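The structure file run-v6.cif is reproduced below (mmCIF, C-alpha atoms).
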data_my_file
loop_
_atom_site.group_PDB
_atom_site.id
_atom_site.type_symbol
_atom_site.label_atom_id
_atom_site.label_comp_id
_atom_site.auth_asym_id
_atom_site.auth_seq_id
_atom_site.Cartn_x
_atom_site.Cartn_y
_atom_site.Cartn_z
ATOM 1 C CA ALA E 1 0.286 36.680 -2.551
ATOM 2 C CA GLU E 2 1.043 32.911 -2.576
ATOM 3 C CA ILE E 3 -1.759 32.270 -5.038
ATOM 4 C CA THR E 4 0.027 29.146 -6.332
ATOM 5 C CA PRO E 5 0.642 25.681 -4.876
ATOM 6 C CA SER E 6 4.054 25.988 -6.557
ATOM 7 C CA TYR E 7 4.722 22.384 -7.527
ATOM 8 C CA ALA E 8 8.383 23.402 -7.528
ATOM 9 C CA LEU E 9 7.725 23.515 -3.813
ATOM 10 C CA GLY E 10 4.461 21.540 -4.103
ATOM 11 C CA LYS E 11 5.942 18.277 -5.338
ATOM 12 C CA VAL E 12 6.264 17.632 -1.609
ATOM 13 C CA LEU E 13 2.506 17.152 -1.827
ATOM 14 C CA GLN E 14 3.662 13.837 -3.183
ATOM 15 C CA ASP E 15 7.358 14.095 -2.348
ATOM 16 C CA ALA E 16 6.943 14.247 1.427
ATOM 17 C CA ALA E 17 5.579 10.684 1.441
ATOM 18 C CA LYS E 18 9.202 9.524 2.015
ATOM 19 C CA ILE E 19 9.428 9.144 5.764
ATOM 20 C CA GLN E 20 5.738 9.382 6.732
ATOM 21 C CA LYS E 21 5.293 5.626 7.296
ATOM 22 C CA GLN E 22 8.951 4.786 7.966
ATOM 23 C CA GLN E 23 8.548 5.938 11.592
ATOM 24 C CA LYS E 24 5.946 3.127 11.678
ATOM 25 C CA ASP E 25 3.157 5.641 11.075
ATOM 26 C CA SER E 26 0.345 6.700 8.731
ATOM 27 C CA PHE E 27 0.838 10.111 7.059
ATOM 28 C CA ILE E 28 3.378 12.920 6.623
ATOM 29 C CA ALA E 29 4.650 15.170 9.392
ATOM 30 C CA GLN E 30 6.579 18.388 9.995
ATOM 31 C CA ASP E 31 10.074 16.949 10.043
ATOM 32 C CA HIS E 32 8.744 14.527 7.483
ATOM 33 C CA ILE E 33 7.526 17.006 4.935
ATOM 34 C CA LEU E 34 10.784 18.734 5.835
ATOM 35 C CA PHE E 35 12.442 15.380 5.344
ATOM 36 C CA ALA E 36 11.780 15.647 1.614
ATOM 37 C CA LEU E 37 12.692 19.325 1.862
ATOM 38 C CA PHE E 38 16.402 18.627 2.305
ATOM 39 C CA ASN E 39 15.838 17.495 -1.239
ATOM 40 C CA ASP E 40 13.349 20.312 -1.896
ATOM 41 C CA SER E 41 13.408 23.147 0.645
ATOM 42 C CA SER E 42 16.946 24.171 1.516
ATOM 43 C CA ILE E 43 19.526 26.767 0.716
ATOM 44 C CA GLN E 44 22.145 24.543 -0.855
ATOM 45 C CA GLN E 45 25.078 26.820 -1.422
ATOM 46 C CA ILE E 46 28.739 27.600 -0.720
ATOM 47 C CA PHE E 47 27.666 27.313 2.854
ATOM 48 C CA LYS E 48 24.957 24.808 2.108
ATOM 49 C CA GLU E 49 21.948 25.627 4.192
ATOM 50 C CA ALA E 50 20.300 22.233 4.114
ATOM 51 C CA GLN E 51 19.913 20.365 7.298
ATOM 52 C CA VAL E 52 20.318 17.116 9.012
ATOM 53 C CA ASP E 53 21.497 15.346 6.006
ATOM 54 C CA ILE E 54 21.065 11.688 5.072
ATOM 55 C CA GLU E 55 19.848 9.773 8.119
ATOM 56 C CA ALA E 56 20.238 12.571 10.621
ATOM 57 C CA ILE E 57 16.743 13.944 10.139
ATOM 58 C CA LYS E 58 15.125 10.510 9.894
ATOM 59 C CA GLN E 59 17.643 9.609 12.557
ATOM 60 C CA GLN E 60 16.617 12.536 14.703
ATOM 61 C CA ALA E 61 13.076 12.045 13.424
ATOM 62 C CA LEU E 62 13.327 8.740 15.236
ATOM 63 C CA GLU E 63 15.920 10.021 17.698
ATOM 64 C CA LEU E 64 13.391 12.608 18.850
ATOM 65 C CA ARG E 65 10.266 10.667 19.644
ATOM 66 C CA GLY E 66 9.811 9.114 16.238
ATOM 67 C CA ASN E 67 6.617 7.541 15.257
ATOM 68 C CA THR E 68 6.197 11.243 15.882
ATOM 69 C CA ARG E 69 2.728 11.567 14.348
ATOM 70 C CA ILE E 70 -0.076 9.519 12.831
ATOM 71 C CA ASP E 71 -2.773 11.577 11.133
ATOM 72 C CA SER E 72 -3.506 15.261 11.305
ATOM 73 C CA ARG E 73 -3.835 15.210 15.098
ATOM 74 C CA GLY E 74 -1.584 17.023 17.548
ATOM 75 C CA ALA E 75 0.971 19.681 16.765
ATOM 76 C CA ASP E 76 3.029 18.335 13.925
ATOM 77 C CA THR E 77 6.225 17.235 15.599
ATOM 78 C CA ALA Q 1 27.018 -18.010 -12.395
ATOM 79 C CA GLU Q 2 25.072 -15.704 -10.040
ATOM 80 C CA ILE Q 3 28.272 -13.702 -9.591
ATOM 81 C CA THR Q 4 27.214 -10.123 -10.178
ATOM 82 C CA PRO Q 5 24.058 -8.056 -9.584
ATOM 83 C CA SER Q 6 24.225 -6.152 -12.891
ATOM 84 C CA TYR Q 7 24.802 -2.797 -11.215
ATOM 85 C CA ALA Q 8 22.041 -1.363 -13.382
ATOM 86 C CA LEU Q 9 20.054 -3.863 -11.328
ATOM 87 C CA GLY Q 10 22.695 -3.864 -8.587
ATOM 88 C CA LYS Q 11 21.363 -0.696 -6.979
ATOM 89 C CA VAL Q 12 17.860 -2.112 -6.985
ATOM 90 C CA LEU Q 13 18.431 -4.388 -4.011
ATOM 91 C CA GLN Q 14 19.771 -1.386 -2.147
ATOM 92 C CA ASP Q 15 17.201 0.664 -4.024
ATOM 93 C CA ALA Q 16 14.858 -1.934 -2.543
ATOM 94 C CA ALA Q 17 15.975 -0.647 0.844
ATOM 95 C CA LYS Q 18 14.680 2.798 -0.138
ATOM 96 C CA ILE Q 19 10.937 2.577 0.459
ATOM 97 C CA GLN Q 20 10.573 1.049 3.946
ATOM 98 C CA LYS Q 21 9.769 4.508 5.322
ATOM 99 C CA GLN Q 22 7.046 5.482 2.826
ATOM 100 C CA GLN Q 23 5.900 1.908 2.812
ATOM 101 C CA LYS Q 24 6.153 2.842 6.504
ATOM 102 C CA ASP Q 25 8.154 -0.195 7.531
ATOM 103 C CA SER Q 26 11.209 -1.118 9.565
ATOM 104 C CA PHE Q 27 12.039 -3.948 7.136
ATOM 105 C CA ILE Q 28 12.044 -4.301 3.387
ATOM 106 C CA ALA Q 29 9.540 -6.782 2.029
ATOM 107 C CA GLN Q 30 8.850 -8.556 -1.254
ATOM 108 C CA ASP Q 31 6.668 -5.639 -2.327
ATOM 109 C CA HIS Q 32 9.607 -3.339 -1.537
ATOM 110 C CA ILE Q 33 12.245 -5.171 -3.565
ATOM 111 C CA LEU Q 34 9.912 -5.113 -6.545
ATOM 112 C CA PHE Q 35 9.252 -1.486 -5.641
ATOM 113 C CA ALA Q 36 12.828 -0.747 -6.583
ATOM 114 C CA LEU Q 37 12.617 -3.213 -9.451
ATOM 115 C CA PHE Q 38 10.258 -0.671 -10.994
ATOM 116 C CA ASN Q 39 13.255 0.640 -12.974
ATOM 117 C CA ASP Q 40 15.676 -2.025 -14.228
ATOM 118 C CA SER Q 41 13.030 -4.715 -13.946
ATOM 119 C CA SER Q 42 10.974 -3.357 -16.792
ATOM 120 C CA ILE Q 43 11.057 -2.941 -20.495
ATOM 121 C CA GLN Q 44 11.485 0.820 -20.637
ATOM 122 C CA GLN Q 45 11.882 1.435 -24.339
ATOM 123 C CA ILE Q 46 9.978 2.556 -27.443
ATOM 124 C CA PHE Q 47 7.324 0.126 -26.207
ATOM 125 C CA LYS Q 48 7.584 0.615 -22.453
ATOM 126 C CA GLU Q 49 6.679 -2.135 -20.077
ATOM 127 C CA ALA Q 50 8.003 -0.205 -17.128
ATOM 128 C CA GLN Q 51 7.010 -1.016 -13.635
ATOM 129 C CA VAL Q 52 4.729 1.601 -12.106
ATOM 130 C CA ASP Q 53 6.997 3.442 -9.697
ATOM 131 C CA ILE Q 54 4.818 5.056 -6.988
ATOM 132 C CA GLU Q 55 1.107 5.263 -7.813
ATOM 133 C CA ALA Q 56 -0.068 1.681 -8.223
ATOM 134 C CA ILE Q 57 2.049 -0.200 -5.665
ATOM 135 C CA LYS Q 58 1.293 2.120 -2.736
ATOM 136 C CA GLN Q 59 -2.503 2.147 -2.809
ATOM 137 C CA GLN Q 60 -2.410 -1.502 -3.801
ATOM 138 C CA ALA Q 61 -0.004 -1.997 -0.936
ATOM 139 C CA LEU Q 62 -2.672 -0.033 0.897
ATOM 140 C CA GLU Q 63 -4.567 -3.014 -0.456
ATOM 141 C CA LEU Q 64 -1.745 -5.490 0.268
ATOM 142 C CA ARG Q 65 -0.554 -5.052 3.860
ATOM 143 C CA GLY Q 66 0.278 -1.419 4.738
ATOM 144 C CA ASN Q 67 2.303 -0.320 7.688
ATOM 145 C CA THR Q 68 0.637 -3.592 8.773
ATOM 146 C CA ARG Q 69 3.649 -5.433 7.364
ATOM 147 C CA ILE Q 70 6.364 -4.025 9.624
ATOM 148 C CA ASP Q 71 8.719 -6.884 8.759
ATOM 149 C CA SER Q 72 11.076 -9.202 10.639
ATOM 150 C CA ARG Q 73 9.972 -12.746 9.807
ATOM 151 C CA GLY Q 74 11.037 -14.408 6.563
ATOM 152 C CA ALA Q 75 8.626 -13.762 3.705
ATOM 153 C CA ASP Q 76 4.980 -14.844 3.699
ATOM 154 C CA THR Q 77 2.450 -13.281 1.327
#

Just give me the structure of the file as structure tokens.
Amino acid sequence: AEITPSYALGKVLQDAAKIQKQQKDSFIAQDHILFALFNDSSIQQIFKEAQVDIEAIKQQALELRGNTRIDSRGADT
Amino acid sequence: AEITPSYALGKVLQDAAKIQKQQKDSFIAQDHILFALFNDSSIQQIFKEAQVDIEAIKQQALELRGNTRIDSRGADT
């Protein structure tokens, strides 16, 4: 079970670096790994299950707290 | 003269706007414009002088400024 990093998912290892700093921060966070997941992790379908879309995450990433995390410390978002 | 961005390049100024979040910045600096230049500013060909997209700039922006360079001044560096 889950014996693989699954770069298909695990590109976010790099790919999540998108919004980590752009909150004026250090490293990647929950929304912020998720931020790259709207690219990566999503159910993009007839009813597309992919969530707050272009800014709205980053928006709401800022719009909720924002600068939401720094490094490793405190529950991620 | 100086009429048109060369849309192949034209995106790059707006593509320059892309990295302020992973460069962890509110504003888009001279490292960031070049950051987008990593595509059309290049020779990407049989003999490729590309511009290194992610790897080298970041950690050498970890060398050169960081989040440290939030932005909102003019351009000094």

Q) Could you state the separation of CA of residue 17 in chain E and CA of residue 51 in chain E in Å, given to one decimal place? A)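 Interatomic distance here is 18.3 Å.
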
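Taking CA of residue 59 in chain Q as the reference point, CA of residue 41 in chain Q is found at 20.3 Å.
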
Could I get the residues of chain E with an atom no further than 10 Å from an atom of chain Q, each paired with its nearest atom pair and that distance in Å to one decimal, using all atoms listed in the file, sorted by chain and residue number, as JSON lines?
{"residue": "E:14", "atom": "CA", "partner": "Q:54", "partner_atom": "CA", "distance": 9.6}
{"residue": "E:16", "atom": "CA", "partner": "Q:22", "partner_atom": "CA", "distance": 8.9}
{"residue": "E:17", "atom": "CA", "partner": "Q:22", "partner_atom": "CA", "distance": 5.6}
{"residue": "E:18", "atom": "CA", "partner": "Q:22", "partner_atom": "CA", "distance": 4.7}
{"residue": "E:19", "atom": "CA", "partner": "Q:21", "partner_atom": "CA", "distance": 4.7}
{"residue": "E:20", "atom": "CA", "partner": "Q:22", "partner_atom": "CA", "distance": 5.7}
{"residue": "E:21", "atom": "CA", "partner": "Q:24", "partner_atom": "CA", "distance": 3.0}
{"residue": "E:22", "atom": "CA", "partner": "Q:21", "partner_atom": "CA", "distance": 2.8}
{"residue": "E:23", "atom": "CA", "partner": "Q:24", "partner_atom": "CA", "distance": 6.4}
{"residue": "E:24", "atom": "CA", "partner": "Q:24", "partner_atom": "CA", "distance": 5.2}
{"residue": "E:25", "atom": "CA", "partner": "Q:24", "partner_atom": "CA", "distance": 6.1}
{"residue": "E:26", "atom": "CA", "partner": "Q:24", "partner_atom": "CA", "distance": 7.3}
{"residue": "E:27", "atom": "CA", "partner": "Q:22", "partner_atom": "CA", "distance": 8.8}
{"residue": "E:28", "atom": "CA", "partner": "Q:22", "partner_atom": "CA", "distance": 9.1}
{"residue": "E:58", "atom": "CA", "partner": "Q:21", "partner_atom": "CA", "distance": 9.3}
{"residue": "E:67", "atom": "CA", "partner": "Q:24", "partner_atom": "CA", "distance": 9.9}

Residues from last step as file, C-alpha atoms, as a PDB file, in the frame of the given file:
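Result file follows (again_5.pdb):
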ATOM      1  CA  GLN E  14       3.662  13.837  -3.183  1.00  0.00           C
ATOM      2  CA  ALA E  16       6.943  14.247   1.427  1.00  0.00           C
ATOM      3  CA  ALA E  17       5.579  10.684   1.441  1.00  0.00           C
ATOM      4  CA  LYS E  18       9.202   9.524   2.015  1.00  0.00           C
ATOM      5  CA  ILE E  19       9.428   9.144   5.764  1.00  0.00           C
ATOM      6  CA  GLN E  20       5.738   9.382   6.732  1.00  0.00           C
ATOM      7  CA  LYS E  21       5.293   5.626   7.296  1.00  0.00           C
ATOM      8  CA  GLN E  22       8.951   4.786   7.966  1.00  0.00           C
ATOM      9  CA  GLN E  23       8.548   5.938  11.592  1.00  0.00           C
ATOM     10  CA  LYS E  24       5.946   3.127  11.678  1.00  0.00           C
ATOM     11  CA  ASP E  25       3.157   5.641  11.075  1.00  0.00           C
ATOM     12  CA  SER E  26       0.345   6.700   8.731  1.00  0.00           C
ATOM     13  CA  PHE E  27       0.838  10.111   7.059  1.00  0.00           C
ATOM     14  CA  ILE E  28       3.378  12.920   6.623  1.00  0.00           C
ATOM     15  CA  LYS E  58      15.125  10.510   9.894  1.00  0.00           C
ATOM     16  CA  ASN E  67       6.617   7.541  15.257  1.00  0.00           C
TER      17      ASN E  67
END

Chain Q onto chain E, all Cα, least squares, as an mmCIF file with C-alpha atoms, keeping the file's coordinate frame:
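Okay, out_2.cif is ready:
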data_model
loop_
_atom_site.group_PDB
_atom_site.id
_atom_site.type_symbol
_atom_site.label_atom_id
_atom_site.label_comp_id
_atom_site.auth_asym_id
_atom_site.auth_seq_id
_atom_site.Cartn_x
_atom_site.Cartn_y
_atom_site.Cartn_z
ATOM 1 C CA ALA Q 1 -0.682 35.793 -3.406
ATOM 2 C CA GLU Q 2 -0.213 32.211 -2.140
ATOM 3 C CA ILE Q 3 -1.298 31.009 -5.579
ATOM 4 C CA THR Q 4 1.361 28.514 -6.568
ATOM 5 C CA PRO Q 5 3.601 26.016 -4.745
ATOM 6 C CA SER Q 6 6.730 26.733 -6.815
ATOM 7 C CA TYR Q 7 6.821 23.258 -8.338
ATOM 8 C CA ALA Q 8 10.492 23.067 -7.412
ATOM 9 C CA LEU Q 9 8.936 23.265 -3.954
ATOM 10 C CA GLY Q 10 5.599 21.996 -5.272
ATOM 11 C CA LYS Q 11 6.669 18.358 -5.152
ATOM 12 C CA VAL Q 12 7.880 18.784 -1.599
ATOM 13 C CA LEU Q 13 4.416 18.692 -0.068
ATOM 14 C CA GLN Q 14 3.800 15.500 -1.996
ATOM 15 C CA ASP Q 15 7.456 14.698 -1.425
ATOM 16 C CA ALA Q 16 6.446 15.270 2.192
ATOM 17 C CA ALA Q 17 4.074 12.348 1.731
ATOM 18 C CA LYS Q 18 7.075 10.163 0.877
ATOM 19 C CA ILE Q 19 8.552 9.267 4.258
ATOM 20 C CA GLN Q 20 5.578 8.117 6.370
ATOM 21 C CA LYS Q 21 6.666 4.506 5.845
ATOM 22 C CA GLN Q 22 10.332 4.876 6.852
ATOM 23 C CA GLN Q 23 9.275 7.350 9.469
ATOM 24 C CA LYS Q 24 6.985 4.340 9.982
ATOM 25 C CA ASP Q 25 3.767 6.320 10.077
ATOM 26 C CA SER Q 26 0.272 6.267 8.627
ATOM 27 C CA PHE Q 27 0.205 10.085 8.505
ATOM 28 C CA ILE Q 28 2.671 12.743 7.489
ATOM 29 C CA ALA Q 29 3.798 15.011 10.292
ATOM 30 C CA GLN Q 30 5.640 18.308 10.661
ATOM 31 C CA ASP Q 31 8.930 16.415 10.758
ATOM 32 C CA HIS Q 32 7.885 14.724 7.502
ATOM 33 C CA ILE Q 33 7.040 17.868 5.545
ATOM 34 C CA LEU Q 34 10.408 19.303 6.508
ATOM 35 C CA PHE Q 35 11.829 15.893 5.636
ATOM 36 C CA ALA Q 36 10.927 16.592 2.042
ATOM 37 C CA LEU Q 37 11.897 20.229 2.471
ATOM 38 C CA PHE Q 38 15.436 18.884 2.741
ATOM 39 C CA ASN Q 39 15.842 19.712 -0.970
ATOM 40 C CA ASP Q 40 14.177 22.946 -2.113
ATOM 41 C CA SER Q 41 14.129 24.297 1.421
ATOM 42 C CA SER Q 42 17.865 24.724 1.587
ATOM 43 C CA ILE Q 43 20.618 26.792 0.160
ATOM 44 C CA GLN Q 44 22.256 24.147 -2.001
ATOM 45 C CA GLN Q 45 24.934 26.122 -3.781
ATOM 46 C CA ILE Q 46 28.660 26.919 -3.710
ATOM 47 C CA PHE Q 47 28.068 27.466 0.008
ATOM 48 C CA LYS Q 48 25.521 24.751 0.744
ATOM 49 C CA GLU Q 49 23.043 25.126 3.527
ATOM 50 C CA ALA Q 50 21.170 22.041 2.456
ATOM 51 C CA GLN Q 51 18.865 20.237 4.754
ATOM 52 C CA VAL Q 52 20.239 16.889 5.891
ATOM 53 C CA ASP Q 53 18.199 14.387 3.913
ATOM 54 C CA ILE Q 54 18.219 11.054 5.806
ATOM 55 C CA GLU Q 55 20.879 10.751 8.513
ATOM 56 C CA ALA Q 56 20.112 13.479 11.033
ATOM 57 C CA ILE Q 57 16.299 13.638 10.972
ATOM 58 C CA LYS Q 58 15.735 9.895 11.429
ATOM 59 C CA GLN Q 59 17.828 9.232 14.527
ATOM 60 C CA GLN Q 60 16.760 12.611 15.849
ATOM 61 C CA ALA Q 61 13.229 11.590 14.995
ATOM 62 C CA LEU Q 62 14.290 8.466 16.853
ATOM 63 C CA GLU Q 63 14.852 11.215 19.390
ATOM 64 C CA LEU Q 64 11.672 13.118 18.448
ATOM 65 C CA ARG Q 65 8.718 10.713 18.389
ATOM 66 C CA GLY Q 66 9.363 7.587 16.275
ATOM 67 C CA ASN Q 67 6.725 5.250 15.015
ATOM 68 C CA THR Q 68 5.315 6.702 18.265
ATOM 69 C CA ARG Q 69 3.831 9.526 16.199
ATOM 70 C CA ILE Q 70 1.453 7.523 14.008
ATOM 71 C CA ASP Q 71 -0.540 10.642 13.133
ATOM 72 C CA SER Q 72 -4.210 11.604 12.864
ATOM 73 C CA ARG Q 73 -4.700 14.585 15.176
ATOM 74 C CA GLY Q 74 -3.771 18.093 14.056
ATOM 75 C CA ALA Q 75 -0.171 18.996 14.845
ATOM 76 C CA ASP Q 76 1.273 19.146 18.360
ATOM 77 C CA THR Q 77 5.026 19.032 18.971
#

Q. Expressed in Å to a single decimal, how great is the separation between CA of residue 71 in chain E and CA of residue 43 in chain E?
A.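 Result for CA of residue 71 in chain E versus CA of residue 43 in chain E: 28.9 Å, one decimal.
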
Check which residues satisfy the PyMOL selection byres ((chain E and resi 3-10) around 12) in the file shown, then give them as an mmCIF file with C-alpha atoms, keeping the file's coordinate frame.
data_model
loop_
_atom_site.group_PDB
_atom_site.id
_atom_site.type_symbol
_atom_site.label_atom_id
_atom_site.label_comp_id
_atom_site.auth_asym_id
_atom_site.auth_seq_id
_atom_site.Cartn_x
_atom_site.Cartn_y
_atom_site.Cartn_z
ATOM 1 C CA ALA E 1 0.286 36.680 -2.551
ATOM 2 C CA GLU E 2 1.043 32.911 -2.576
ATOM 3 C CA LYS E 11 5.942 18.277 -5.338
ATOM 4 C CA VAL E 12 6.264 17.632 -1.609
ATOM 5 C CA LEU E 13 2.506 17.152 -1.827
ATOM 6 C CA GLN E 14 3.662 13.837 -3.183
ATOM 7 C CA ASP E 15 7.358 14.095 -2.348
ATOM 8 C CA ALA E 16 6.943 14.247 1.427
ATOM 9 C CA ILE E 33 7.526 17.006 4.935
ATOM 10 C CA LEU E 34 10.784 18.734 5.835
ATOM 11 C CA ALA E 36 11.780 15.647 1.614
ATOM 12 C CA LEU E 37 12.692 19.325 1.862
ATOM 13 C CA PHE E 38 16.402 18.627 2.305
ATOM 14 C CA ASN E 39 15.838 17.495 -1.239
ATOM 15 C CA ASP E 40 13.349 20.312 -1.896
ATOM 16 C CA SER E 41 13.408 23.147 0.645
ATOM 17 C CA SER E 42 16.946 24.171 1.516
#

Q) Looking at E:49, E:61, E:56, E:72, which one is nearest to residue 31 in chain E, with distances taken over all atoms listed in the file? A)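 Counting all atoms listed in the file, the residue closest to residue 31 in chain E is E:61.
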
As AutoDock Vina command-line options: centre and edge lengths in Å, one decimal, of the axis-aligned box holding range 10-22 of chain E with 5 Å per side:
--center_x 6.0 --center_y 13.2 --center_z 1.3 --size_x 16.9 --size_y 26.8 --size_z 23.3

Can you patch up range 1-22 of chain Q, filling it in to N, CA and C atoms, and show the result as a PDB file, in the coordinates of the input?
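Heads up, here's the output in part31.pdb:
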ATOM      1  N   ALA Q   1      28.462 -18.000 -12.575  1.00  0.00           N
ATOM      2  CA  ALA Q   1      27.018 -18.010 -12.395  1.00  0.00           C
ATOM      3  C   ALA Q   1      26.666 -17.293 -11.100  1.00  0.00           C
ATOM      4  N   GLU Q   2      25.565 -16.537 -11.137  1.00  0.00           N
ATOM      5  CA  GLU Q   2      25.072 -15.704 -10.040  1.00  0.00           C
ATOM      6  C   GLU Q   2      26.184 -14.891  -9.384  1.00  0.00           C
ATOM      7  N   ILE Q   3      27.142 -14.410 -10.181  1.00  0.00           N
ATOM      8  CA  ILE Q   3      28.272 -13.702  -9.591  1.00  0.00           C
ATOM      9  C   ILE Q   3      27.940 -12.233  -9.342  1.00  0.00           C
ATOM     10  N   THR Q   4      27.259 -11.573 -10.277  1.00  0.00           N
ATOM     11  CA  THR Q   4      27.214 -10.123 -10.178  1.00  0.00           C
ATOM     12  C   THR Q   4      25.809  -9.574 -10.377  1.00  0.00           C
ATOM     13  N   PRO Q   5      25.441  -8.559  -9.590  1.00  0.00           N
ATOM     14  CA  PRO Q   5      24.058  -8.056  -9.584  1.00  0.00           C
ATOM     15  C   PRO Q   5      23.619  -7.354 -10.853  1.00  0.00           C
ATOM     16  N   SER Q   6      24.526  -7.058 -11.787  1.00  0.00           N
ATOM     17  CA  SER Q   6      24.225  -6.152 -12.891  1.00  0.00           C
ATOM     18  C   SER Q   6      23.913  -4.763 -12.379  1.00  0.00           C
ATOM     19  N   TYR Q   7      24.945  -4.006 -12.014  1.00  0.00           N
ATOM     20  CA  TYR Q   7      24.802  -2.797 -11.215  1.00  0.00           C
ATOM     21  C   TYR Q   7      23.643  -1.911 -11.657  1.00  0.00           C
ATOM     22  N   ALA Q   8      23.323  -1.910 -12.952  1.00  0.00           N
ATOM     23  CA  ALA Q   8      22.041  -1.363 -13.382  1.00  0.00           C
ATOM     24  C   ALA Q   8      20.910  -1.929 -12.530  1.00  0.00           C
ATOM     25  N   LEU Q   9      20.897  -3.250 -12.347  1.00  0.00           N
ATOM     26  CA  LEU Q   9      20.054  -3.863 -11.328  1.00  0.00           C
ATOM     27  C   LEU Q   9      20.683  -3.780  -9.942  1.00  0.00           C
ATOM     28  N   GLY Q  10      22.015  -3.752  -9.870  1.00  0.00           N
ATOM     29  CA  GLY Q  10      22.695  -3.864  -8.587  1.00  0.00           C
ATOM     30  C   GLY Q  10      22.188  -2.895  -7.537  1.00  0.00           C
ATOM     31  N   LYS Q  11      21.915  -1.649  -7.933  1.00  0.00           N
ATOM     32  CA  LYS Q  11      21.363  -0.696  -6.979  1.00  0.00           C
ATOM     33  C   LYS Q  11      20.030  -1.180  -6.435  1.00  0.00           C
ATOM     34  N   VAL Q  12      19.282  -1.934  -7.242  1.00  0.00           N
ATOM     35  CA  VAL Q  12      17.860  -2.112  -6.985  1.00  0.00           C
ATOM     36  C   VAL Q  12      17.639  -2.829  -5.664  1.00  0.00           C
ATOM     37  N   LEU Q  13      18.522  -3.765  -5.325  1.00  0.00           N
ATOM     38  CA  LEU Q  13      18.431  -4.388  -4.011  1.00  0.00           C
ATOM     39  C   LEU Q  13      18.644  -3.358  -2.915  1.00  0.00           C
ATOM     40  N   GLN Q  14      19.638  -2.492  -3.083  1.00  0.00           N
ATOM     41  CA  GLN Q  14      19.771  -1.386  -2.147  1.00  0.00           C
ATOM     42  C   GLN Q  14      18.703  -0.336  -2.417  1.00  0.00           C
ATOM     43  N   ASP Q  15      18.382  -0.115  -3.692  1.00  0.00           N
ATOM     44  CA  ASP Q  15      17.201   0.664  -4.024  1.00  0.00           C
ATOM     45  C   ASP Q  15      15.953   0.015  -3.442  1.00  0.00           C
ATOM     46  N   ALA Q  16      15.969  -1.305  -3.248  1.00  0.00           N
ATOM     47  CA  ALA Q  16      14.858  -1.934  -2.543  1.00  0.00           C
ATOM     48  C   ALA Q  16      14.782  -1.430  -1.116  1.00  0.00           C
ATOM     49  N   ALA Q  17      15.938  -1.166  -0.511  1.00  0.00           N
ATOM     50  CA  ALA Q  17      15.975  -0.647   0.844  1.00  0.00           C
ATOM     51  C   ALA Q  17      15.371   0.741   0.963  1.00  0.00           C
ATOM     52  N   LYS Q  18      15.048   1.387  -0.159  1.00  0.00           N
ATOM     53  CA  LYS Q  18      14.680   2.798  -0.138  1.00  0.00           C
ATOM     54  C   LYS Q  18      13.321   3.054   0.509  1.00  0.00           C
ATOM     55  N   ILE Q  19      12.334   2.184   0.285  1.00  0.00           N
ATOM     56  CA  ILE Q  19      10.937   2.577   0.459  1.00  0.00           C
ATOM     57  C   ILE Q  19      10.359   2.176   1.816  1.00  0.00           C
ATOM     58  N   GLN Q  20      11.147   1.546   2.696  1.00  0.00           N
ATOM     59  CA  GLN Q  20      10.573   1.049   3.946  1.00  0.00           C
ATOM     60  C   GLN Q  20       9.901   2.163   4.740  1.00  0.00           C
ATOM     61  N   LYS Q  21      10.338   3.404   4.559  1.00  0.00           N
ATOM     62  CA  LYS Q  21       9.769   4.508   5.322  1.00  0.00           C
ATOM     63  C   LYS Q  21       8.439   4.990   4.744  1.00  0.00           C
ATOM     64  N   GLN Q  22       8.327   5.100   3.416  1.00  0.00           N
ATOM     65  CA  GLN Q  22       7.046   5.482   2.826  1.00  0.00           C
ATOM     66  C   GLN Q  22       6.112   4.292   2.711  1.00  0.00           C
TER      67      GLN Q  22
END
